[PDB]
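K.L.:
can you look at this? It's an experimental structure, sequence on top.
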Amino acid sequence: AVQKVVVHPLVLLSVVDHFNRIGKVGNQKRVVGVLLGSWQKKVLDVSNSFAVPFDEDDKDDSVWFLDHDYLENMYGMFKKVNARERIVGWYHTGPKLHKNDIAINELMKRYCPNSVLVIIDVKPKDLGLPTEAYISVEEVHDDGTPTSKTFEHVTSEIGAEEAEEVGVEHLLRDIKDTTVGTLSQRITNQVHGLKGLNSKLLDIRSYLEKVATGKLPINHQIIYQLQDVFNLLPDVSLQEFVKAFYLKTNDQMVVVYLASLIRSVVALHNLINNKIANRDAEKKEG
Amino acid sequence: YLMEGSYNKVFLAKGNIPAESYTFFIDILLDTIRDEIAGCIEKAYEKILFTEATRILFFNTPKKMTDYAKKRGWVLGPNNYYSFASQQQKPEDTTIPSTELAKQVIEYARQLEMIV
Amino acid sequence: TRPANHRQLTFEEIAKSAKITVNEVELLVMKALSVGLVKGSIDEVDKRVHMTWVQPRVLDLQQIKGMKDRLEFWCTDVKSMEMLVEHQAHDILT
């Protein structure tokens, strides 16, 4: 129902500053807040946020609190300063998907129908994009419970904007491997993209940890896809897939042979424009 | 005459040794031709009876042909040299370019963008 | 049952494995294509069929052993080809 989410770097920074101002508790606190923004043309947008007071005792961890008076008036202010801005859902700091986040969402779905959550990172280390979001779906279905409900991850990325790209590219000043030539693709997707497929291959190995020893639910709806991946694994090298491969190598490299041939004569002409300024300059000036 | 394929005119010169004996030399030249024809029996030949390629070296019919026919193939049968002319196993190799050309395409980009 | 190398069965084998005559197995497979449980093509003069997609079934803790092991040496093949990348294109980008 929802294509994708769009997260701006403002709200990305507008959690971590709050994680620092509650980082003095030391023991345990998760940053849970209210996510503001719109969604237009079937694309979920994220613009603004704040954080709501929240505590959690370890024994009987089903007692949460959202001070809704703090939720009412501060959104009442933000609607007043920006009528275009509205609620879009909520978020939590999400180290490892805590347990209250099955009914935090159902507590505050009376404001947003598709009340989406956002899992963020507080310790940044990965080879990907450490911003997670799910969606709420329920089922009167197959085997688990008469009342069953499990979150499903919708794809997530950091969307840009013209006004913030001034500030985003100003605050970096560290490294930015621009000048896209023959080697930007070599590193953004040929060094890294092959190692992109590393952790996707390694992820199904982590599910494979249950061969006879792991957790008790076994498969039912996980293996129809895995049966297809080995089935839709690509065509072997016997057909004219051999021959049509050498066909295009004998076509694509022709253009490379022509273009490289051109590059020599161009720089050869530039050598002549430098001998016109050497021999015709020593006799004149000295 | 050993450079080109000529073999008979080689042994016409083994009918013509004028100067001295030259015996130990042409016998090594026998031996390095014996494995050569036992090498070049392995071309694309059909059924040959036990007379035609039996006389291509010198020999009439000793058991020396069984020494060659059990060293290599062309199996002893009912007056037959069996041809295992397969030459089928090696082609359809995309991987050998796909390892080597992936090396070469990177080598194109080395002397293309980075200053040397 | 057949591997992904061929999975190319003939009509005579269907006439063996289902003991049904030749003039009905073409009617049998067009029903199978129409319902959608299999997706392949049909030759008639060489009397073979190129089955490509089959319906996914269920399996016990023994078929995951095949899917563990066919996956496992495919891991290092991603390691091996990318090993050429960061070692040959190393000076292109630090």
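P.N.:
That came through, no problem. Numbering: from 1, shown residues only, chains lettered A, B, ... in the order given.

K.L.:
how close does the closest residue to chain C within chain B get to residue A:183?
P.N.:
Relative to chain C, the nearest point of chain B is residue B:106 (4.9 Å; Cβ to the nearest Cβ). Bear in mind the C-beta positions are built from the backbone N, C-alpha and C, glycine included. Distance of residue B:106 to residue A:183, computed by Cβ to Cβ, to the nearest Å: 10 Å.

K.L.:
which residues do these two both contact?
P.N.:
Residues within reach of residue B:106 and of residue A:183 at once, by Cβ atoms under 8 Å, 6 or more residues apart in numbering or on different chains, are C:89, C:92.

K.L.:
comparing these two, which shows the higher neighbour count?
P.N.:
More neighbours surround residue A:183 than the other of residue B:106 and residue A:183, with 21 against 18 (other Cβ atoms under 10 Å in any protein chain shown).

K.L.:
thought that one was touching residue B:109?
P.N.:
Yes. Taking Cβ atoms under 8 Å as the definition, residue A:183 is a contact partner of residue B:109 at 6.4 Å.

K.L.:
anything in contact with each of those two?
P.N.:
Common contact partners of residue A:183 and residue B:109 (Cβ under 8 Å, 6+ apart): C:89, C:92.

K.L.:
what's the local residue count around residue 5?
P.N.:
Since no chain was named, I'll use chain A. Neighbour number of residue A:5 under other Cβ under 10 Å is 25.

K.L.:
wrong chain, I was asking about chain C
P.N.:
Number of residues near residue C:5 (other Cβ under 10 Å) recorded here: 8.

K.L.:
can you check residue A:191 too?
P.N.:
Using other Cβ under 10 Å, residue A:191 has 19 other residues around it.

K.L.:
next: residue A:44.
P.N.:
Around residue A:44 there are 24 other residues, counting by other Cβ under 10 Å.

K.L.:
am I right that it is in a strand?
P.N.:
Yes. Per DSSP: H, G, I helix; E, B strand; the rest coil, residue A:44 lies within a strand segment.

K.L.:
for it, which non-adjacent residue is spatially closest?
P.N.:
residue A:5 (4.2 Å; Cβ to Cβ, 6 or more residues apart in numbering or on different chains).

K.L.:
which bits of chain B sit near chain C?
P.N.:
Residues of chain B lying close to chain C (Cβ under 8 Å from any Cβ of the partner chain) are B:99, B:102, B:103, B:106, B:107, B:109, B:110, B:113, B:114.

K.L.:
these in helices, which ones?
P.N.:
Among the residues of chain B next to chain C, the members found in helices (DSSP state H) are B:99, B:102, B:103, B:106, B:107, B:109, B:110.

K.L.:
show me which of the residues you listed is closest to residue A:97.
P.N.:
Each of those was scored against residue A:97 by Cβ to Cβ, and residue B:102 proved nearest at 40.5 Å.

K.L.:
pretty sure the closest one sits against residue C:84.
P.N.:
Yes. If you go by Cβ under 8 Å, residue B:102 and residue C:84 touch, sitting 6.4 Å apart.

K.L.:
the stretch 101-250 of chain A against chain C: which residues are in contact?
P.N.:
The stretch 101-250 of chain A comes close to chain C at residues A:177, A:183, A:186-187, A:190-191, A:194-195, A:197-198, A:201-202, A:204-205, A:208, A:211-212, A:218-220, A:223-224, A:226-228, A:230-233, A:236, as judged by Cβ under 8 Å from any Cβ.

K.L.:
of those, buried ones?
P.N.:
Among those, those scoring as buried are A:183, A:186, A:187, A:190, A:191, A:194, A:198, A:223, A:226, A:227 (criterion: 16 or more other Cβ atoms under 10 Å in any protein chain shown).

K.L.:
check those and tell me the two furthest apart.
P.N.:
A:183 and A:223, at 40.6 Å, using Cβ to Cβ across those.

K.L.:
would you list every one of the helices in chain B?
P.N.:
Assignment of helices within chain B using DSSP H yields the ranges B:8-12, B:23-40, B:64-71, B:95-110.

K.L.:
from residue B:20, how far out is residue A:179?
P.N.:
Counting by Cβ to Cβ, the gap from residue A:179 to residue B:20 is 80 Å.

K.L.:
cool, residue B:77 as well?
P.N.:
45 Å.

K.L.:
repeat that for residue A:268.
P.N.:
Applying Cβ to Cβ to residue A:268 and residue B:20 gives a distance of 66 Å.

K.L.:
compare these two (neighbour count), which wins?
P.N.:
Between residue A:268 and residue B:20, counting by other Cβ under 10 Å, residue A:268 is the more crowded of the two (9 against 6).

K.L.:
would the more buried one count as being in a helix?
P.N.:
Yes. Under three-state DSSP, residue A:268 falls within a helix.

K.L.:
from chain B, how far off is it?
P.N.:
The spacing between residue A:268 and chain B, counted by Cβ to the nearest Cβ, to the nearest Å, is 17 Å.

K.L.:
do the same with residue A:184
P.N.:
From residue A:184 to chain B the distance is 10 Å (Cβ to the nearest Cβ).

K.L.:
give me the secondary structure label for the closest residue to that residue other than its chain neighbours.
P.N.:
Nearest residue to residue A:184, sequence neighbours excluded (Cβ to Cβ, 6+ apart): residue A:177, at 6.8 Å. Classification of residue A:177 using three-state DSSP returns coil.

K.L.:
contacts only, for residue A:177.
P.N.:
For residue A:177, the contact set (Cβ under 8 Å, 6+ apart) comprises A:184, A:187, A:188, C:93.

K.L.:
how about a markdown table for those residues, with secondary structure and distance to residue C:19 added?
P.N.:
Putting the contacts of residue A:177 into a markdown table (DSSP: H, G, I helix; E, B strand; the rest coil; distance: Cβ to Cβ, whole Å) gives the following:
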| residue | secondary structure | distance to residue C:19 |
| --- | --- | --- |
| A:184 | helix | 63 |
| A:187 | helix | 61 |
| A:188 | helix | 59 |
| C:93 | coil | 65 |
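
K.L.:
are any of these buried, and if so which?
P.N.:
residue A:187.

K.L.:
let me know the closest of the contacts of residue A:177 to chain B.
P.N.:
So of those, ranked by how close each gets to chain B (Cβ to the nearest Cβ), first place is residue C:93, at 9.2 Å.

K.L.:
from start to finish, how long is stretch B:67-81 in a straight line?
P.N.:
For stretch B:67-81, the first-to-last residue distance is 14 Å (Cα to Cα, to the nearest Å).

K.L.:
what's the answer for stretch A:39-47, then?
P.N.:
Taking Cα to Cα, stretch A:39-47 runs 10 Å from one end to the other.

K.L.:
so which bits of chain C are right by chain B?
P.N.:
Chain C comes close to chain B at residues C:81, C:84, C:85, C:88, C:89, C:91, C:92, as judged by Cβ under 8 Å from any Cβ.

K.L.:
tell me, how many neighbours does the second one end up with?
P.N.:
Look at residue C:84: counted by other Cβ under 10 Å, it has 14 neighbours.

K.L.:
the first one now?
P.N.:
Other residues within reach of residue C:81, judged by other Cβ under 10 Å, total 13.

K.L.:
please apply the same query to residue A:257.
P.N.:
So residue A:257, with other Cβ under 10 Å, has 9 neighbours.

K.L.:
for the one 4 residues further on, same thing?
P.N.:
Counted with other Cβ under 10 Å, the neighbours of residue A:261 add up to 9.
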